[PDB]
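Let's start with one chain on its own, the form deposited in one PDB entry, as structure tokens.
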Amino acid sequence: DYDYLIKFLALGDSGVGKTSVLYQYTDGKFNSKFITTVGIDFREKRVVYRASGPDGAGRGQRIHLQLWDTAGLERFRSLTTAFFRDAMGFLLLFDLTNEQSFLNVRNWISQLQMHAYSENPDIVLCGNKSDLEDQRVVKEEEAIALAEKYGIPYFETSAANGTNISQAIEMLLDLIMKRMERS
């Protein structure tokens, strides 16, 4: 049925849209009403990964994606766990309409490098809620600069309408599939 079970973890302040980003990705659905995640949760999706071919060459592997959702209010608490060190890649979100959630991205990355299976784990940075342009407060150049300083991909996404959700997740999938041994 599947060739690889791949586990990713979404992170970021409460309210930035972690639950909604996973839900729009796996089910194509979105709920307006905020219900904070307690404990932890997950979703799964079977996808097909076609590799980045050199010179342009095909070889599509069945991936079983397992997408873990964290409680933003628990903050930095379950970083201590063997569970966390089993996460293969990180989808790090902030809220394009919340400067404070963006200002907290530096410490999230620091916390990530300190507790993951690697001091340089794969991270994809998402500026979520791009559909609320009238309430935007984070300037694209600042977000792009921050991603460039750390060397991680940056996407502006919307869990409401799906814009760039799959692109961001497939980018994380690609990093892991190229870093993993025997592939």
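Shifts are known only where both forms have a C-alpha. One rule holds for the numbers: they count along the sequence shown, beginning at 1. Think of the rigid core as the biggest set of C-alphas that the two forms share within 1.5 Å after superposition.
Using what the record says, work out whether there is a hole in the model between residue 57 and residue 58 and how many deposited residues it spans (none, 1 to 3, 4 to 9, 10 or more). Just 1 to 3 residues are missing between them.
Comparing average C-alpha B factors as deposited, tell me which of 96 to 104 and 77 to 85 sits higher. Going by the record's values, the stretch with the higher mean is 77 to 85.
Quick one: say whether 44 to 52 or 62 to 70 has the higher mean Cα B-factor in the deposited entry. Mean C-alpha B-factor is greater for 44 to 52.
Test of reading the entry: by CA B factor among the chain's modelled residues, which third contains residue 156? It belongs to the lowest third of the chain when residues are ordered by C-alpha B-factor.
Check where residue 33 lands among this chain's C-alpha B-factors and tell me if it's the lowest, middle or highest third. Its C-alpha B-factor belongs to the highest third of this chain's values.
Quick check for you: using the entry's CA B-factors within this chain, is residue 148 in the lowest, middle or highest third? Its C-alpha B-factor, which the entry lists for residue 148, ranks in the middle third among residues of this chain.
Would you please rank residue 114 by its C-alpha temperature factor against the other modelled residues of its chain and give the third it falls in: lowest, middle or highest? CA B-factor rank for residue 114: highest third.
When the modelled residues of the chain are sorted by Cα temperature factor, does residue 121 land in the lowest, middle or highest third? Middle third.
There is another form of this protein, the form deposited in another entry, and it is not shown here; the text below is about that form.
Superposing on the core, which single option in 111, 98, 104, 78 has a CA shift of 2 Å or more between this form and the one not shown? By this measure, the answer is 78.
So the C-alpha spacing of residue 154 and residue 79 changes by 3 Å or more in that other deposited form; is that change toward closer or farther than shown? The answer is farther, because the C-alphas of residue 154 and residue 79 separate from each other in that other deposited form by 3 Å or more.
Closer or farther: how do the Cα atoms of residue 128 and residue 75 compare in that other deposited form versus the shown form, where the change is at least 3 Å? Residues separate in that other deposited form, at least 3 Å farther apart.
Superposed on the rigid core, segments between this form and the one not shown of at least 3 residues with Cα shifts of 2 Å or more: Runs shifting 2 Å or more: 53 to 55, 74 to 83, 181 to 183.
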